[PDB]
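What follows is a single chain, given as structure tokens, in the form deposited in one PDB entry.
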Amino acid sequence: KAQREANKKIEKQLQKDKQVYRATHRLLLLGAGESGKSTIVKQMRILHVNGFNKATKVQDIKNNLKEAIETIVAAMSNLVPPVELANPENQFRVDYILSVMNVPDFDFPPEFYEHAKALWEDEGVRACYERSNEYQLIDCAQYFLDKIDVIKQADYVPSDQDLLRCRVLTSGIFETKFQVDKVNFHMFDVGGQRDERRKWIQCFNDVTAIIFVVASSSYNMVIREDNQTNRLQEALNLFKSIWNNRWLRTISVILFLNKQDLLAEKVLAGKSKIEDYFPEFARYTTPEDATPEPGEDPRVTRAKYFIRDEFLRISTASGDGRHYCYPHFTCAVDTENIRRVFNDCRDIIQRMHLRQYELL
């Protein structure tokens, strides 16, 4: 008697578990390396779980800080033409920083912060930083190098922005579950460098939607994997691969044209011309229905819409009735931007999942 009763209790439990799964939106974050996928996940935690509640991440921030200064300083003599210190008295600091580049488990002594700060204030170091698209530099370099004095304090506690800016590699598949207004979301974060893309197929089962993230600002950079392929070209080629992939033909794509702040900054700097990398930009005109933010520099508007339209040219070329691409301009480190963008996705995501039920 109690045997059949335990049994269909398990079975009522099983049926509830099936309905939870069916109604949970599985969101797969795809995009090339450093496009911003893990930062989007961190924002979902800030907005909808408990964020980072931090002391675990202090070493990661210090490692980013160290990677940034040592990368810039190492690049100075390797650029063509090389970049010289503005104050050649700083050479002994260059020597120190380069000498500790590959020490595992670095102990971050006070001289490290002293030398890093002095070098970061050197106009030559800064001129090398301004050429960083000629080498490989983490995006958070300026943010952390500007607060060396904060990070080095013994009582340093990272802010939420520090944790968002912190770059770590994503080796493997990382899941994050969260609930917004009793709707359940299940986000899958994966690495986006080329070798990590072999893992992506493991997540294609029962996907509700893809969030495809692009570093819009990286149009003048090349990928780490071969130090030759343009990063935006790689993003486009990768998006075409996803849009047309055998397993993902039914799956709609929310396209996050991310790093809008860095793109704005690169446009305003005026050094790196998009048409030097994408010659067709010279003939591109901002669309009639563009909606620039008040005061946005029209050069920025034209840039960001050109990049959007390079992706939409791919997504409009196939799939017309079977899946759709929803573009959004994003700044993944801006919590209020991601709050607004994600809220504007919740209705379309619910609709994607409902249509999936009729197809099954």
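Numbering starts at 1 and follows the sequence shown. We call the rigid core the largest set of C-alpha positions that still match within 1.5 Å between the two forms.
Not pictured, yet referred to below: the form deposited in another entry.
Superposed on the rigid core, the two forms differ between this form and the one not shown by 2 Å or more at the C-alpha of one listed residue only; from 147, 115, 167, 197 that residue is 197. In the core-superposed comparison between this form and the one not shown, residue 338 has its Cα shifted by less than 2 Å. Whereas the shown form places them at one spacing, the Cα atoms of residue 135 and residue 197 lie at least 3 Å farther apart in the other form.
Between residue 193 and residue 219, the Cα spacing is larger in the other form than in the shown form, differing by no less than 3 Å.
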